[PDB]
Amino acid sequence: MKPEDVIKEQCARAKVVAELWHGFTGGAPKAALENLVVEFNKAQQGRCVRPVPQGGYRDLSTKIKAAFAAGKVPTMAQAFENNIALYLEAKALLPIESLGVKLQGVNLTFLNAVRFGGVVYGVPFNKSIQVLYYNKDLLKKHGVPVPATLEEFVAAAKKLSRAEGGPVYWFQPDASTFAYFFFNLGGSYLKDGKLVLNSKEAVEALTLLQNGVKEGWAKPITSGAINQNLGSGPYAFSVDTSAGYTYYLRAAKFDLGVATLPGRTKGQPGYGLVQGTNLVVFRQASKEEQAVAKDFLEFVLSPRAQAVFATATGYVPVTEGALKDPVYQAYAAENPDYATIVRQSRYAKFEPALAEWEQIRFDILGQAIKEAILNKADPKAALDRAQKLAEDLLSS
């Protein structure tokens, strides 16, 4: 019996059920969420959370949009910072501390990101950082150190690619991969509060990827996740969400490494994109539903729940207390990758929290990166188009 079967049963015998719409399609993240919910439901007296899978995160936002039109929101959902900004336009969200959920010791990297007009509207739950995944076997084979700088990263990819006869830096042509290169070549999306997609650092970042493809050291992955493509051709590195850890581990036929991101200099690791989601609570939910939300959120923020979630998935523990939990400690003592993910979570950048950001990152920025990388569109012309489309979307 799967944990979602156990939850369906707990929920059947409950007098209040708080629905939690999420965007986990399976693997470790879906299992860890459900296991956490099973445990919460068991300590309650007929008060339950029902996790409802809505597809991926994009399917999730579309389902929540539909929910607003219909006037039937769930009690909780996962949200990106930009989803929070959008739901706040609708005034759809309960201030988190109005529930009496205590947030002291939540990492300010995550807590800052859920604060709008000084008010916290989300609980950091499943927060990821990009890390460098690598093939320790293939690097040892050719005597190539883990690269510490972007310069060493490009040299390693070129040297390994020539040795193995194939592009060893694997990347998705998407906003998430672009963010790593953009941020770490000095880029910033907002200039005096205006969204700029076509700055010289944008052009430089997209050019580096496109030159990578031409020169034969960067391999665009067009079909499924990087971890879904492992096994065809030599692989040295990717830059990818920490929540892909269990996916990399299950798929890898080689000894998997995790490192901090290459930076401009050895003085500091590069910045990683913060991804995954916060839990929000909808004004429309009943007093009783909101009360279960309140208890669920205190449970999810407990050191044990965060320790178990983070060690099962590769997400970043969102609390100082999680790091002092002995379950976390015992995982970290036998697996240094958990410390690597925490170390990398210190060098952490967000995309803009604009209501329209979801549409822009996929259908505009995402497209322009695909045009340059897959159709050999001029990097600057592809981003000049993106800038034009985003300004049309954002205008007035």
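Numbers for residues come from their place in the sequence shown, where the first is 1.
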Query raised in the report: Once you work out the mean C-alpha B-factor for both 381 to 389 and 9 to 17 from the entry, which is higher?
Result: 9 to 17
Report task. Determine, for stretches 236 to 244 and 219 to 227, which one has the higher mean CA B-factor as deposited. Result -> 219 to 227
**Report entry** Deposited CA B-factor, highest of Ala90, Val281, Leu273, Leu132
**Finding:** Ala90
Query raised in the report: Checking the entry, which one of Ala312, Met76, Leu150, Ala179 has the top C-alpha B factor?
Result: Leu150
**Report entry** Record-listed C-alpha B factor of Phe116: chain third
**Finding:** highest
Query raised in the report: Comparing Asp325 with the other modelled residues of its chain, is its CA B-factor in the lowest, middle or highest third?
Result: middle
Query - Chain-wide C-alpha B factor ranking for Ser128, given as lowest, middle or highest third - result: lowest
Requested in this report: Comparing against every modelled residue in the chain, figure out the third that the C-alpha B-factor of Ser345 lands in (lowest, middle or highest).
Outcome: lowest
Report summary line: In terms of its chain's C-alpha B-factors, the third that includes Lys159 is the middle
